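Shown next: target08.pdb, containing PDB, C-alpha atoms.
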```
ATOM      1  CA  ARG P  99      14.826  46.561  48.482  1.00  0.00           C
ATOM      2  CA  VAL P 100      16.316  48.049  51.641  1.00  0.00           C
ATOM      3  CA  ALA P 101      15.019  50.806  53.899  1.00  0.00           C
ATOM      4  CA  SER P 102      17.386  53.748  53.457  1.00  0.00           C
ATOM      5  CA  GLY P 103      18.507  56.720  55.536  1.00  0.00           C
ATOM      6  CA  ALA P 104      17.109  60.196  56.167  1.00  0.00           C
ATOM      7  CA  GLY P 105      16.389  61.339  52.619  1.00  0.00           C
ATOM      8  CA  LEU P 106      18.546  59.341  50.223  1.00  0.00           C
ATOM      9  CA  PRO P 107      16.917  58.784  46.804  1.00  0.00           C
ATOM     10  CA  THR P 108      15.583  55.229  46.657  1.00  0.00           C
ATOM     11  CA  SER P 109      13.079  53.331  44.542  1.00  0.00           C
ATOM     12  CA  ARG P 110       9.311  53.648  44.931  1.00  0.00           C
ATOM     13  CA  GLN P 111       8.285  50.766  42.695  1.00  0.00           C
ATOM     14  CA  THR P 112       7.382  47.125  43.335  1.00  0.00           C
ATOM     15  CA  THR P 113       6.430  44.313  40.931  1.00  0.00           C
ATOM     16  CA  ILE P 114       7.881  45.358  37.581  1.00  0.00           C
ATOM     17  CA  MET P 115       6.016  43.528  34.834  1.00  0.00           C
ATOM     18  CA  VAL P 116       8.556  42.621  32.140  1.00  0.00           C
ATOM     19  CA  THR P 117       7.162  40.368  29.397  1.00  0.00           C
ATOM     20  CA  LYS P 118       8.977  37.538  27.600  1.00  0.00           C
ATOM     21  CA  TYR P 119       8.311  36.389  24.036  1.00  0.00           C
ATOM     22  CA  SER P 120       8.614  32.792  22.872  1.00  0.00           C
ATOM     23  CA  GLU P 121      11.353  31.794  20.436  1.00  0.00           C
ATOM     24  CA  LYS P 122      10.414  29.192  17.834  1.00  0.00           C
ATOM     25  CA  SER P 123      12.541  26.266  16.671  1.00  0.00           C
ATOM     26  CA  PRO P 124      10.735  23.632  14.568  1.00  0.00           C
ATOM     27  CA  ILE P 125      12.388  20.244  14.022  1.00  0.00           C
ATOM     28  CA  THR P 126      11.996  18.105  10.895  1.00  0.00           C
ATOM     29  CA  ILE P 127      12.896  14.577   9.784  1.00  0.00           C
ATOM     30  CA  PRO P 128      11.670  12.554   6.758  1.00  0.00           C
ATOM     31  CA  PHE P 129      10.869   8.837   6.542  1.00  0.00           C
ATOM     32  CA  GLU P 130      10.233   6.957   3.315  1.00  0.00           C
ATOM     33  CA  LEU P 131       8.335   3.947   1.962  1.00  0.00           C
ATOM     34  CA  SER P 132       8.587   2.309  -1.464  1.00  0.00           C
ATOM     35  CA  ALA P 133       5.876   1.242  -3.900  1.00  0.00           C
ATOM     36  CA  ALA P 134       6.619  -2.461  -3.371  1.00  0.00           C
ATOM     37  CA  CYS P 135       6.306  -1.999   0.396  1.00  0.00           C
ATOM     38  CA  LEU P 136       2.856  -0.434   0.018  1.00  0.00           C
ATOM     39  CA  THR P 137       1.828  -3.086  -2.527  1.00  0.00           C
ATOM     40  CA  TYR P 138       2.731  -5.929  -0.160  1.00  0.00           C
ATOM     41  CA  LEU P 139       1.400  -4.088   2.908  1.00  0.00           C
ATOM     42  CA  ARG P 140      -2.201  -3.181   2.025  1.00  0.00           C
ATOM     43  CA  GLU P 141      -3.044  -5.148  -1.142  1.00  0.00           C
ATOM     44  CA  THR P 142      -2.473  -8.426   0.667  1.00  0.00           C
ATOM     45  CA  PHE P 143      -2.660 -11.576  -1.452  1.00  0.00           C
ATOM     46  CA  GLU P 144      -4.743 -14.588  -0.380  1.00  0.00           C
ATOM     47  CA  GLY P 145      -1.999 -16.683  -1.991  1.00  0.00           C
ATOM     48  CA  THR P 146       0.677 -18.904  -0.465  1.00  0.00           C
ATOM     49  CA  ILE P 147       3.252 -18.527   2.308  1.00  0.00           C
TER      50      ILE P 147
ATOM     51  CA  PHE F  50     -44.384   9.854 -31.869  1.00  0.00           C
ATOM     52  CA  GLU F  51     -41.482   7.508 -31.101  1.00  0.00           C
ATOM     53  CA  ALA F  52     -41.778   4.076 -29.487  1.00  0.00           C
ATOM     54  CA  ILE F  53     -38.926   1.915 -28.170  1.00  0.00           C
ATOM     55  CA  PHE F  54     -40.113  -1.670 -28.506  1.00  0.00           C
ATOM     56  CA  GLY F  55     -37.706  -3.717 -26.376  1.00  0.00           C
ATOM     57  CA  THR F  56     -34.164  -4.351 -25.173  1.00  0.00           C
ATOM     58  CA  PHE F  57     -32.595  -7.745 -25.911  1.00  0.00           C
ATOM     59  CA  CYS F  58     -29.295  -9.230 -24.727  1.00  0.00           C
ATOM     60  CA  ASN F  59     -26.909 -11.519 -26.606  1.00  0.00           C
ATOM     61  CA  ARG F  60     -26.381 -14.932 -24.996  1.00  0.00           C
ATOM     62  CA  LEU F  61     -22.644 -15.576 -25.269  1.00  0.00           C
ATOM     63  CA  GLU F  62     -21.180 -19.079 -25.367  1.00  0.00           C
ATOM     64  CA  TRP F  63     -19.188 -19.513 -22.159  1.00  0.00           C
ATOM     65  CA  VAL F  64     -16.237 -21.847 -22.767  1.00  0.00           C
ATOM     66  CA  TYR F  65     -13.907 -23.381 -20.173  1.00  0.00           C
ATOM     67  CA  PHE F  66     -10.477 -24.988 -20.503  1.00  0.00           C
ATOM     68  CA  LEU F  67     -11.033 -28.269 -18.657  1.00  0.00           C
ATOM     69  CA  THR F  68     -14.168 -28.972 -20.715  1.00  0.00           C
ATOM     70  CA  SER F  69     -12.248 -28.932 -24.017  1.00  0.00           C
ATOM     71  CA  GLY F  70     -10.462 -31.808 -25.716  1.00  0.00           C
ATOM     72  CA  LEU F  71      -7.248 -29.784 -25.819  1.00  0.00           C
ATOM     73  CA  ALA F  72      -7.207 -30.064 -22.014  1.00  0.00           C
ATOM     74  CA  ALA F  73      -6.376 -33.762 -22.435  1.00  0.00           C
ATOM     75  CA  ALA F  74      -2.913 -32.858 -23.740  1.00  0.00           C
ATOM     76  CA  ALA F  75      -2.357 -30.627 -20.688  1.00  0.00           C
ATOM     77  CA  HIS F  76      -1.668 -31.569 -17.092  1.00  0.00           C
ATOM     78  CA  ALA F  77      -3.402 -28.664 -15.357  1.00  0.00           C
ATOM     79  CA  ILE F  78      -1.590 -27.124 -12.379  1.00  0.00           C
ATOM     80  CA  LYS F  79      -2.553 -24.085 -10.300  1.00  0.00           C
ATOM     81  CA  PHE F  80       0.409 -22.524  -8.488  1.00  0.00           C
ATOM     82  CA  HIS F  81       0.155 -18.970  -7.163  1.00  0.00           C
ATOM     83  CA  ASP F  82       3.895 -18.307  -6.763  1.00  0.00           C
ATOM     84  CA  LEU F  83       4.401 -18.503 -10.555  1.00  0.00           C
ATOM     85  CA  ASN F  84       5.157 -14.766 -10.619  1.00  0.00           C
ATOM     86  CA  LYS F  85       8.336 -15.503  -8.651  1.00  0.00           C
ATOM     87  CA  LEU F  86       9.481 -18.400 -10.845  1.00  0.00           C
ATOM     88  CA  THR F  87      12.228 -17.652 -13.381  1.00  0.00           C
ATOM     89  CA  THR F  88      12.877 -21.011 -15.076  1.00  0.00           C
ATOM     90  CA  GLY F  89      11.553 -24.406 -14.008  1.00  0.00           C
ATOM     91  CA  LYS F  90      13.802 -27.280 -15.038  1.00  0.00           C
ATOM     92  CA  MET F  91      13.656 -31.065 -15.138  1.00  0.00           C
ATOM     93  CA  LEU F  92      16.822 -33.128 -15.546  1.00  0.00           C
ATOM     94  CA  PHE F  93      16.988 -36.841 -16.362  1.00  0.00           C
ATOM     95  CA  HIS F  94      19.874 -39.265 -15.797  1.00  0.00           C
ATOM     96  CA  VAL F  95      19.720 -42.349 -18.024  1.00  0.00           C
ATOM     97  CA  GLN F  96      21.958 -45.382 -18.474  1.00  0.00           C
ATOM     98  CA  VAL F  97      21.990 -47.137 -21.849  1.00  0.00           C
ATOM     99  CA  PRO F  98      21.852 -50.960 -21.787  1.00  0.00           C
TER     100      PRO F  98
END
```
How would this structure read if it were set down as structure tokens?
Amino acid sequence: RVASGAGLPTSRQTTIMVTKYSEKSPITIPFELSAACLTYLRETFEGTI
Amino acid sequence: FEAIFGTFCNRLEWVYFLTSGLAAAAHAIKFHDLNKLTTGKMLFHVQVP
């Protein structure tokens, strides 16, 4: 603000306290696995190569 | 007045393949990848005298 003249109407206030709210925006993406993949992943076989 | 005299267990006859006479007719092979196999083939090439 600027110091004004003799009696011109000017602002009194300092440090206005406006508040901002957050805007949400979730993001989503799926990934997939098949039954055979899980069978050969965890239930490992002590069999051959 | 009820009494329970005893608990008895049946002794089964454990039988194994390689101990039997029928095993003589069989050449015994253990091969884990059999689940993959579709059709095992043998092919002979003979020449008649």
Contacts of chain P with chain F up to 10 Å, shortest pair per row, all atoms listed in the file, as JSON lines:
```
{"residue": "P:143", "atom": "CA", "partner": "F:81", "partner_atom": "CA", "distance": 9.8}
{"residue": "P:144", "atom": "CA", "partner": "F:81", "partner_atom": "CA", "distance": 9.4}
{"residue": "P:145", "atom": "CA", "partner": "F:81", "partner_atom": "CA", "distance": 6.1}
{"residue": "P:146", "atom": "CA", "partner": "F:81", "partner_atom": "CA", "distance": 6.7}
{"residue": "P:147", "atom": "CA", "partner": "F:82", "partner_atom": "CA", "distance": 9.1}
```
Let me know the centre plus edge lengths, in Å and rounded to one decimal, of a box with edges along x, y and z that contains all listed atoms of region 101-115 of chain P and is padded by 3 Å on every side, as AutoDock Vina command-line options.
```
--center_x 12.3 --center_y 52.4 --center_z 45.5 --size_x 18.5 --size_y 23.8 --size_z 27.3
```
* Within 10 Å of region 112-122 of chain P, counting only C-alpha atoms, which residues qualify if same-chain residues fewer than 3 places away don't, as a list in words? ->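 After dropping sequence-adjacent residues, the list is residues 99, 109 and 125 of chain P.
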* Point-to-point distance in Å for CA of residue 137 (chain P) and CA of residue 79 (chain F) ->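 Separation of CA of residue 79 (chain F) and CA of residue 137 (chain P): 22.8 Å.
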* residue 67 (chain F): which residues within 12 Å, counting all atoms listed in the file, same-chain residues fewer than 4 positions away excluded, as a PyMOL selection string? -> chain F and resi 71-78
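Taking CA of residue 70 (chain F) as the reference point, CA of residue 84 (chain F) is found at 27.6 Å.
Note that CA of residue 91 (chain F) and CA of residue 65 (chain F) are 29.1 Å apart.
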